[PDB]
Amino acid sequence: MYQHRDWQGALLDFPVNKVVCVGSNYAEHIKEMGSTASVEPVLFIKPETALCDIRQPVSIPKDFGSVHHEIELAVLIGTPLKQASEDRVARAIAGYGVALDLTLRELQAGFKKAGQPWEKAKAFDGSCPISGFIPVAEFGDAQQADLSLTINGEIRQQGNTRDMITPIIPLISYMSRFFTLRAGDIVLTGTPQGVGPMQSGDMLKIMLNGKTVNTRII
C-alpha cells in the first residue's frame, strides 16, 4: 500500500484513503480533448489502490489500450473538510505535490460516448503515481506553480496553475459539498495541455516549480 511521503522521502503520518480529482480544468486541455467546459467542476475519484510512489518505476497495464500521462498539482489535506468555506479550506492544506493522473484514454473515450462511469479508465491500480509533499510554508503561491513533464528528453507538458479554470480553494470547497475530505486525502487539480501516450521504457523527468523527480515506465 502507498504511504504519504515528504519531498525527502520521509514517511508522513496522515491516513491514506482517496484522491478527489477534477477534469477539464485547463482551457487548452479542454480544447485538445475536443470537449467543452462544464458549468460546475467535473469530479471523479481514485482509490488508495491507484496511489504509488512516482520515484519508483511506474507500472502501466498492457491490455487496456494506450495509457496517457496527465501531470497535475496535488494538494494534501491536513484537516477534515465537509461543506467547508473557502477560508476553512485555505487553513486545511498541508502541502503540495505533483502527480500523474494516468488514464486509459481509449476506454475513457468509450465511457464518455456511452454515458458510463470512468473508474475503469481513471481508477485502475497504479493510476496515480505521486511525489512527496512540500510544506505549505516553503511552496509559495500555489496558484502560480509551474508543472513540466519531459519524456525521453522532449517536453510533453509545461504549464502553470494560474491557468486553472476553477482555482484551488473554491475547487476544494466545492468538492467538500459532495465528499468529506479526510486528513490525508489528496486533491488533484487538473492537467494542462499536452496529454499523450506513454510506453514501457520511457524515461520521465517531472518538475514542480524548481524541484525534480525522475522515473521510468516499466
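Just count from 1 along the sequence shown to find any residue number.
- Taking only CA atoms, the mean B-factor in the PDB entry is higher for 35-43 than for the other of 175-183 and 35-43.
- Annotation for 18-26 versus 196-204: the higher mean temperature factor (C-alpha) is found in 196-204.
- Each of 83, 127, 131, 108 has a CA temperature factor in the record; the biggest one is found at 83.
- In the PDB entry, a CA B factor belonging to the lowest third of its chain's modelled residues is recorded for residue 168.
- In the PDB entry, a CA B factor belonging to the lowest third of its chain's modelled residues is recorded for residue 97.
- Placement of the Cα temperature factor of residue 90 within the chain: highest third of the modelled residues, per the deposited record.
- Placement of the Cα temperature factor of residue 5 within the chain: middle third of the modelled residues, per the deposited record.
- The deposited CA B-factor of residue 56 belongs to the middle third of values across its chain.
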